[PDB]
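What follows is one chain in structure tokens, specifically the form deposited in one PDB entry.
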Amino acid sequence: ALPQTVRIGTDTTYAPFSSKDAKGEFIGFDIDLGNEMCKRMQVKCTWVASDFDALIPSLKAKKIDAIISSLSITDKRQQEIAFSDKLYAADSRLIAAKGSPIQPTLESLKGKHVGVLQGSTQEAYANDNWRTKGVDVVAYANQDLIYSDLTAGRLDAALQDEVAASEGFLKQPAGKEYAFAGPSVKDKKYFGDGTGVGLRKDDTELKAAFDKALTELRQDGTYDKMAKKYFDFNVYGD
């Protein structure tokens, strides 16, 4: 009893995973994986754009059926929703101006302005560890606003998923005077283990379907043909 139309929510401001091209078409590795999986599940899928913090609200409100939006599988989100198996890995890393002395430490960030996406694992992390100790953590509705405020000099640093910062901003004309500041921030409690399709706990059949289609496209070389369109490194991880 899979639905005949599966409505997938995504926040289209996170290139290379989910964004809009020049005519408003949804494009990116998340879109490609979702379309390919829908194909193999034999269901129709509609893509719905939403701000990132409304996506899990909308899933439990039954406005959408699935989330494919670089959604990290974390212990916390698992108490509310279910996930497919890992779609790819995602570590977090800071970016700041090239030649910034900044490092992901409280010592370095006290009194700095740090942007984080509202609702992400990075907002949770920075709120707890940095906002409480006086770092000025600013939560934004979408990641594009973050990159603009950074280039505008309103933010001193931004914390987000490393591949999205790299391919989505640092390798773009706008990110040439910026760079990663320090190494990847690793915290198992906060950042979870890779990303996955987010689903209602009770939609067990839909979870089995996405997982099966995912095993199949990985098994026949499609995942690697698809990822090579975006990445020259092993995006899936372990």
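Numbering starts at 1 and follows the sequence shown.
*Asks:* If you average the Cα B factors in the entry, which is higher, 29-37 or 172-180?
*Replies:* Stretch with the greater average CA B-factor: 172-180.
*Asks:* Using only C-alpha atoms and the B-factors in the entry, which stretch averages higher, 6-14 or 226-234?
*Replies:* Higher mean C-alpha B-factor in the PDB entry: 226-234.
*Asks:* For the CA B factor values reported in this entry, which option in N142, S100, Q160, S72 has the top one?
*Replies:* If I rank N142, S100, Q160, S72 by C-alpha B-factor, first place goes to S100.
*Asks:* Quiz for you: based on the deposited Cα B-factor, which of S120, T132, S84, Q79 is highest?
*Replies:* Top of the list by C-alpha B-factor: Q79.
*Asks:* Compare the C-alpha B factor of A152 with those of the other modelled residues in its chain, then answer lowest, middle or highest third.
*Replies:* For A152, whose C-alpha B-factor we compare with every modelled residue in the chain, the answer is the highest third.
*Asks:* Taking only the Cα B-factors deposited for this chain, tell me whether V43 sits in the lowest, middle or highest third.
*Replies:* Highest third.
*Asks:* By the recorded C-alpha temperature factor, relative to the other modelled residues in its chain, which third is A209 in?
*Replies:* Its C-alpha B-factor, which the entry lists for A209, ranks in the middle third among residues of this chain.
*Asks:* How does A66 rank on Cα B-factor within its chain, lowest, middle or highest third?
*Replies:* Its C-alpha B-factor, which the entry lists for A66, ranks in the lowest third among residues of this chain.
*Asks:* Going by the entry, which third of its chain does the Cα temperature factor of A89 land in?
*Replies:* As the PDB entry reports it, the C-alpha B-factor of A89 lands in the lowest third of its chain.
There is another form of this protein, the form deposited in another entry, and it is not shown here; the text below is about that form.
*Asks:* When each C-alpha goes to the rigid part whose fit suits it best, do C45 and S108 end up together between this form and the one not shown?
*Replies:* Taking the motion between this form and the one not shown as two rigid parts, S108 does not share its part with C45.
*Asks:* Do the C-alpha atoms of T46 and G119 sit closer or farther apart in the other form than they do here, given a shift of 3 Å or more?
*Replies:* Compared with the form shown here, the C-alpha atoms of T46 and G119 sit farther apart in the other form, by 3 Å or more.
*Asks:* Flagged pair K229/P183: C-alpha distance shifts by 3 angstroms or more in the other form. Which direction, closer or farther?
*Replies:* Closer together, which means the C-alphas of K229 and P183 are at least 3 Å nearer in the other form.
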